[PDB]
Amino acid sequence: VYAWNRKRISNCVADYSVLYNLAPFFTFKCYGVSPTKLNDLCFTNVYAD
Amino acid sequence: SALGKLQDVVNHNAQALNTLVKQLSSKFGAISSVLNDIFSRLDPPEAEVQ
């Protein structure tokens, strides 16, 4: 946790329906956007930690 | 300027209507003035008050 990774996501299509088998028992509680319509949106810069 | 009154009628109506249409792009203290952006940004609990 102290030396957390940082990854850059760009020039790709991001699918969220795949994030079910890879991460069972997940919890996408989050902020800044309604998760229900993340499908029809576009993001300029995505950082994964 | 002989026909000032009729032109004043036309100008009054046009400017009132234009004020009405320009006021539509006012924030009214919102985060954003587009209801769609409000709808794609917040939870319905606070989108409601917005």
# chains A, B, ... in the order shown; residues from 1 in each chain; ligands from 1
>>> interface_residues(of="chain B", to="chain A", cutoff="7 Å", atoms="only C-alpha atoms", output="list in words")
residues 40, 41, 42 and 43 of chain B
>>> select_by_dssp(residues="chain B", states="alpha helix (DSSP H)", output="JSON, numbers by chain")
{"B": [4, 5, 6, 7, 8, 9, 10, 11, 12, 13, 14, 15, 16, 17, 18, 19, 20, 21, 22, 23, 35, 36, 37, 38, 39, 44, 45, 46, 47, 48, 49]}
>>> write_last_selection(atoms="N, CA, C and O atoms", output="compact mmCIF listing (two decimals), in the first residue's frame")
# COMPACT_ATOMS: atom_id res chain seq x y z
N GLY B 4 -41.42 55.82 -34.68
CA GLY B 4 -40.75 55.32 -33.49
C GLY B 4 -41.59 54.38 -32.65
O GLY B 4 -41.05 53.45 -32.05
N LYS B 5 -42.90 54.59 -32.60
CA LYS B 5 -43.73 53.83 -31.67
C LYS B 5 -43.86 52.37 -32.09
O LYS B 5 -43.72 51.46 -31.26
N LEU B 6 -44.13 52.12 -33.37
CA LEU B 6 -44.25 50.74 -33.84
C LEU B 6 -42.93 49.99 -33.72
O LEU B 6 -42.89 48.83 -33.29
N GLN B 7 -41.83 50.65 -34.09
CA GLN B 7 -40.52 50.03 -33.93
C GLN B 7 -40.22 49.79 -32.46
O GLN B 7 -39.55 48.81 -32.12
N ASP B 8 -40.70 50.66 -31.58
CA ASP B 8 -40.51 50.43 -30.15
C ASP B 8 -41.28 49.21 -29.68
O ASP B 8 -40.79 48.44 -28.85
N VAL B 9 -42.49 49.01 -30.21
CA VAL B 9 -43.25 47.80 -29.88
C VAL B 9 -42.47 46.56 -30.30
O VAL B 9 -42.29 45.61 -29.52
N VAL B 10 -41.99 46.56 -31.55
CA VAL B 10 -41.25 45.40 -32.06
C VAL B 10 -40.00 45.16 -31.23
O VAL B 10 -39.70 44.02 -30.85
N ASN B 11 -39.25 46.22 -30.93
CA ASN B 11 -38.02 46.09 -30.16
C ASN B 11 -38.30 45.57 -28.76
O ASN B 11 -37.56 44.73 -28.24
N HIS B 12 -39.35 46.08 -28.12
CA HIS B 12 -39.69 45.63 -26.77
C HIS B 12 -39.95 44.14 -26.76
O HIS B 12 -39.39 43.40 -25.94
N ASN B 13 -40.80 43.67 -27.68
CA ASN B 13 -41.11 42.24 -27.70
C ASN B 13 -39.86 41.41 -28.00
O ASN B 13 -39.60 40.40 -27.33
N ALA B 14 -39.08 41.83 -29.00
CA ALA B 14 -37.91 41.05 -29.38
C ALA B 14 -36.91 40.97 -28.24
O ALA B 14 -36.36 39.90 -27.95
N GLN B 15 -36.66 42.09 -27.56
CA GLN B 15 -35.65 42.08 -26.50
C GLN B 15 -36.14 41.32 -25.28
O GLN B 15 -35.35 40.64 -24.61
N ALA B 16 -37.44 41.39 -24.97
CA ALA B 16 -37.96 40.58 -23.86
C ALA B 16 -37.82 39.10 -24.16
O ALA B 16 -37.39 38.32 -23.30
N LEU B 17 -38.17 38.69 -25.38
CA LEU B 17 -38.06 37.28 -25.74
C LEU B 17 -36.60 36.82 -25.73
O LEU B 17 -36.29 35.71 -25.29
N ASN B 18 -35.70 37.68 -26.20
CA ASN B 18 -34.28 37.33 -26.21
C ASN B 18 -33.72 37.25 -24.80
O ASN B 18 -32.86 36.41 -24.51
N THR B 19 -34.18 38.12 -23.90
CA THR B 19 -33.79 37.99 -22.50
C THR B 19 -34.27 36.67 -21.93
O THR B 19 -33.53 35.99 -21.20
N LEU B 20 -35.49 36.27 -22.26
CA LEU B 20 -35.99 34.98 -21.80
C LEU B 20 -35.11 33.84 -22.29
O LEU B 20 -34.76 32.94 -21.52
N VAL B 21 -34.74 33.86 -23.57
CA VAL B 21 -33.95 32.75 -24.09
C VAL B 21 -32.53 32.76 -23.54
O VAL B 21 -31.95 31.69 -23.31
N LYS B 22 -31.94 33.94 -23.30
CA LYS B 22 -30.59 33.98 -22.76
C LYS B 22 -30.55 33.57 -21.29
O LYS B 22 -29.56 33.00 -20.83
N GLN B 23 -31.62 33.86 -20.54
CA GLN B 23 -31.65 33.46 -19.14
C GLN B 23 -31.68 31.94 -18.98
O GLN B 23 -31.40 31.44 -17.89
N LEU B 35 -28.82 20.09 -17.79
CA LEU B 35 -29.44 19.06 -16.96
C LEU B 35 -28.88 17.68 -17.29
O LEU B 35 -28.85 16.80 -16.42
N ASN B 36 -28.44 17.47 -18.53
CA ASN B 36 -27.84 16.19 -18.88
C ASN B 36 -26.54 15.95 -18.11
O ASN B 36 -26.32 14.85 -17.59
N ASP B 37 -25.68 16.96 -18.03
CA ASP B 37 -24.44 16.81 -17.27
C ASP B 37 -24.73 16.59 -15.79
O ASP B 37 -24.03 15.83 -15.12
N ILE B 38 -25.76 17.26 -15.27
CA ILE B 38 -26.19 17.00 -13.90
C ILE B 38 -26.63 15.55 -13.76
O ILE B 38 -26.44 14.91 -12.72
N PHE B 39 -27.25 15.01 -14.81
CA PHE B 39 -27.80 13.66 -14.75
C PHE B 39 -26.71 12.61 -14.86
O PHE B 39 -26.87 11.49 -14.35
N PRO B 44 -29.03 10.38 -7.88
CA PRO B 44 -30.38 10.96 -7.89
C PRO B 44 -30.74 11.65 -6.58
O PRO B 44 -31.48 12.64 -6.60
N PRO B 45 -30.26 11.17 -5.42
CA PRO B 45 -30.55 11.92 -4.18
C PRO B 45 -30.16 13.39 -4.21
O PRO B 45 -30.91 14.22 -3.69
N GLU B 46 -29.01 13.74 -4.79
CA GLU B 46 -28.63 15.15 -4.91
C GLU B 46 -28.94 15.74 -6.27
O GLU B 46 -29.15 16.96 -6.37
N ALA B 47 -28.99 14.92 -7.32
CA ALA B 47 -29.51 15.41 -8.59
C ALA B 47 -30.93 15.93 -8.43
O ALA B 47 -31.33 16.87 -9.13
N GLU B 48 -31.69 15.37 -7.48
CA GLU B 48 -33.04 15.85 -7.24
C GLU B 48 -33.05 17.30 -6.79
O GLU B 48 -33.78 18.11 -7.37
N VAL B 49 -32.26 17.65 -5.78
CA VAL B 49 -32.26 19.03 -5.30
C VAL B 49 -31.64 19.96 -6.34
O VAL B 49 -32.06 21.11 -6.50
>>> atom_distance(atom1="atom CA of residue A:11", atom2="atom CA of residue A:46")
10.2 Å
>>> atom_distance(atom1="atom CA of residue A:25", atom2="atom CA of residue A:3")
24.8 Å
>>> select_by_dssp(residues="chain A", states="strand (DSSP E or B)", output="ChimeraX atom specification")
/A:7-9,46-48
>>> atom_distance(atom1="atom CA of residue A:39", atom2="atom CA of residue A:19")
12.8 Å
>>> closest_residue(among="A:1, A:42, A:30, A:49", to="residue A:13", atoms="only C-alpha atoms")
A:42
>>> residues_around(residues="residue A:12", least_positions_apart="3", cutoff="12 Å", atoms="only C-alpha atoms", output="MDAnalysis selection string")
chainID A and resid 8:9 15 42:46
>>> write_last_selection(atoms="N, CA, C and O atoms", output="mmCIF file, in the first residue's frame")
data_model
loop_
_atom_site.group_PDB
_atom_site.id
_atom_site.type_symbol
_atom_site.label_atom_id
_atom_site.label_comp_id
_atom_site.auth_asym_id
_atom_site.auth_seq_id
_atom_site.Cartn_x
_atom_site.Cartn_y
_atom_site.Cartn_z
ATOM 1 N N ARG A 8 -1.009 3.985 -16.497
ATOM 2 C CA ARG A 8 -1.660 4.917 -17.406
ATOM 3 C C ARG A 8 -2.499 4.144 -18.410
ATOM 4 O O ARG A 8 -2.008 3.206 -19.045
ATOM 5 N N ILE A 9 -3.760 4.539 -18.553
ATOM 6 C CA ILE A 9 -4.686 3.919 -19.492
ATOM 7 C C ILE A 9 -5.019 4.948 -20.562
ATOM 8 O O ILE A 9 -5.513 6.039 -20.250
ATOM 9 N N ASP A 15 -14.007 -1.737 -21.023
ATOM 10 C CA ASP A 15 -15.247 -2.458 -20.789
ATOM 11 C C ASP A 15 -15.348 -2.824 -19.317
ATOM 12 O O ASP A 15 -14.375 -3.278 -18.711
ATOM 13 N N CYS A 42 -16.915 8.926 -22.319
ATOM 14 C CA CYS A 42 -15.539 8.958 -22.791
ATOM 15 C C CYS A 42 -14.660 9.662 -21.767
ATOM 16 O O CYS A 42 -15.042 10.698 -21.215
ATOM 17 N N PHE A 43 -13.482 9.094 -21.520
ATOM 18 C CA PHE A 43 -12.567 9.570 -20.493
ATOM 19 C C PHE A 43 -11.235 9.936 -21.132
ATOM 20 O O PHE A 43 -10.660 9.134 -21.876
ATOM 21 N N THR A 44 -10.746 11.141 -20.840
ATOM 22 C CA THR A 44 -9.541 11.623 -21.506
ATOM 23 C C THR A 44 -8.281 10.993 -20.930
ATOM 24 O O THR A 44 -7.360 10.646 -21.676
ATOM 25 N N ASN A 45 -8.212 10.844 -19.609
ATOM 26 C CA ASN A 45 -7.024 10.288 -18.979
ATOM 27 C C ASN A 45 -7.442 9.440 -17.790
ATOM 28 O O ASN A 45 -8.143 9.916 -16.893
ATOM 29 N N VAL A 46 -6.992 8.191 -17.783
ATOM 30 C CA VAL A 46 -7.375 7.217 -16.771
ATOM 31 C C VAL A 46 -6.116 6.727 -16.076
ATOM 32 O O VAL A 46 -5.182 6.254 -16.734
#
>>> decode(residues="stretch 6-40 of chain A", atoms="N, CA and C atoms", output="JSON list (two decimals), in the first residue's frame")
[["chain", "number", "residue", "atom", "x", "y", "z"],
["A", 6, "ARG", "N", 1.28, 2.80, -10.17],
["A", 6, "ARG", "CA", 0.53, 3.78, -10.95],
["A", 6, "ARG", "C", 0.61, 3.37, -12.41],
["A", 7, "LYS", "N", -0.55, 3.22, -13.05],
["A", 7, "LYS", "CA", -0.64, 2.78, -14.43],
["A", 7, "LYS", "C", -1.41, 3.81, -15.24],
["A", 8, "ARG", "N", -1.01, 3.99, -16.50],
["A", 8, "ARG", "CA", -1.66, 4.92, -17.41],
["A", 8, "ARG", "C", -2.50, 4.14, -18.41],
["A", 9, "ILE", "N", -3.76, 4.54, -18.55],
["A", 9, "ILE", "CA", -4.69, 3.92, -19.49],
["A", 9, "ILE", "C", -5.02, 4.95, -20.56],
["A", 10, "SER", "N", -4.75, 4.61, -21.82],
["A", 10, "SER", "CA", -5.03, 5.52, -22.92],
["A", 10, "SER", "C", -5.11, 4.74, -24.22],
["A", 11, "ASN", "N", -5.79, 5.33, -25.20],
["A", 11, "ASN", "CA", -5.88, 4.79, -26.56],
["A", 11, "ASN", "C", -6.41, 3.36, -26.56],
["A", 12, "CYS", "N", -7.48, 3.15, -25.79],
["A", 12, "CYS", "CA", -8.10, 1.84, -25.72],
["A", 12, "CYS", "C", -9.55, 2.00, -25.29],
["A", 13, "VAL", "N", -10.34, 0.97, -25.57],
["A", 13, "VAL", "CA", -11.74, 0.91, -25.15],
["A", 13, "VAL", "C", -11.81, 0.16, -23.83],
["A", 14, "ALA", "N", -12.50, 0.74, -22.85],
["A", 14, "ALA", "CA", -12.60, 0.17, -21.52],
["A", 14, "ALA", "C", -13.98, -0.45, -21.34],
["A", 15, "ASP", "N", -14.01, -1.74, -21.02],
["A", 15, "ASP", "CA", -15.25, -2.46, -20.79],
["A", 15, "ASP", "C", -15.35, -2.82, -19.32],
["A", 16, "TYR", "N", -16.53, -2.62, -18.74],
["A", 16, "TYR", "CA", -16.74, -2.85, -17.33],
["A", 16, "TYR", "C", -17.53, -4.12, -17.05],
["A", 17, "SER", "N", -18.20, -4.69, -18.05],
["A", 17, "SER", "CA", -18.87, -5.97, -17.87],
["A", 17, "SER", "C", -17.88, -7.11, -17.67],
["A", 18, "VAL", "N", -16.63, -6.93, -18.07],
["A", 18, "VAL", "CA", -15.62, -7.95, -17.85],
["A", 18, "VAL", "C", -15.17, -7.98, -16.39],
["A", 19, "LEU", "N", -15.38, -6.89, -15.65],
["A", 19, "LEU", "CA", -14.89, -6.81, -14.28],
["A", 19, "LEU", "C", -15.85, -7.48, -13.32],
["A", 20, "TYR", "N", -16.26, -8.70, -13.63],
["A", 20, "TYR", "CA", -17.07, -9.53, -12.75],
["A", 20, "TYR", "C", -16.39, -10.84, -12.41],
["A", 21, "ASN", "N", -15.89, -11.56, -13.42],
["A", 21, "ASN", "CA", -15.19, -12.81, -13.18],
["A", 21, "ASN", "C", -13.78, -12.57, -12.65],
["A", 22, "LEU", "N", -13.13, -11.50, -13.11],
["A", 22, "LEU", "CA", -11.78, -11.18, -12.65],
["A", 22, "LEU", "C", -11.76, -10.76, -11.19],
["A", 23, "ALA", "N", -12.79, -10.05, -10.73],
["A", 23, "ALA", "CA", -12.84, -9.54, -9.36],
["A", 23, "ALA", "C", -14.15, -9.93, -8.71],
["A", 24, "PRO", "N", -14.29, -11.17, -8.26],
["A", 24, "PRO", "CA", -15.51, -11.56, -7.54],
["A", 24, "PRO", "C", -15.62, -10.86, -6.20],
["A", 25, "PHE", "N", -16.86, -10.65, -5.77],
["A", 25, "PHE", "CA", -17.17, -9.95, -4.52],
["A", 25, "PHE", "C", -16.60, -8.53, -4.54],
["A", 26, "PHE", "N", -16.72, -7.84, -5.67],
["A", 26, "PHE", "CA", -16.20, -6.48, -5.76],
["A", 26, "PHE", "C", -17.19, -5.50, -5.15],
["A", 27, "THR", "N", -16.75, -4.25, -5.02],
["A", 27, "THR", "CA", -17.58, -3.17, -4.48],
["A", 27, "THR", "C", -17.16, -1.88, -5.17],
["A", 28, "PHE", "N", -17.97, -1.43, -6.13],
["A", 28, "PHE", "CA", -17.63, -0.28, -6.96],
["A", 28, "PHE", "C", -18.19, 1.03, -6.41],
["A", 29, "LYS", "N", -18.43, 1.09, -5.10],
["A", 29, "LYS", "CA", -18.85, 2.34, -4.48],
["A", 29, "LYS", "C", -17.85, 3.44, -4.82],
["A", 30, "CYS", "N", -18.34, 4.53, -5.41],
["A", 30, "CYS", "CA", -17.42, 5.49, -5.98],
["A", 30, "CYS", "C", -18.08, 6.86, -6.10],
["A", 31, "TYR", "N", -17.32, 7.79, -6.67],
["A", 31, "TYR", "CA", -17.60, 9.21, -6.58],
["A", 31, "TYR", "C", -17.43, 9.88, -7.93],
["A", 32, "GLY", "N", -18.15, 10.98, -8.13],
["A", 32, "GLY", "CA", -17.93, 11.85, -9.26],
["A", 32, "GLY", "C", -18.72, 11.52, -10.51],
["A", 33, "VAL", "N", -19.32, 10.34, -10.58],
["A", 33, "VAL", "CA", -20.07, 9.93, -11.76],
["A", 33, "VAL", "C", -21.01, 8.81, -11.36],
["A", 34, "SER", "N", -22.17, 8.76, -12.00],
["A", 34, "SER", "CA", -23.11, 7.68, -11.73],
["A", 34, "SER", "C", -22.62, 6.41, -12.40],
["A", 35, "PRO", "N", -22.38, 5.33, -11.65],
["A", 35, "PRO", "CA", -21.83, 4.11, -12.27],
["A", 35, "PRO", "C", -22.77, 3.45, -13.25],
["A", 36, "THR", "N", -24.06, 3.79, -13.21],
["A", 36, "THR", "CA", -25.03, 3.12, -14.07],
["A", 36, "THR", "C", -24.78, 3.39, -15.55],
["A", 37, "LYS", "N", -24.26, 4.57, -15.89],
["A", 37, "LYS", "CA", -24.04, 4.94, -17.28],
["A", 37, "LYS", "C", -22.57, 5.17, -17.60],
["A", 38, "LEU", "N", -21.67, 4.39, -17.01],
["A", 38, "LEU", "CA", -20.27, 4.43, -17.41],
["A", 38, "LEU", "C", -20.06, 3.85, -18.80],
["A", 39, "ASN", "N", -21.04, 3.11, -19.32],
["A", 39, "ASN", "CA", -20.89, 2.49, -20.64],
["A", 39, "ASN", "C", -20.81, 3.54, -21.74],
["A", 40, "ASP", "N", -21.74, 4.50, -21.75],
["A", 40, "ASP", "CA", -21.79, 5.52, -22.79],
["A", 40, "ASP", "C", -21.16, 6.80, -22.27]]
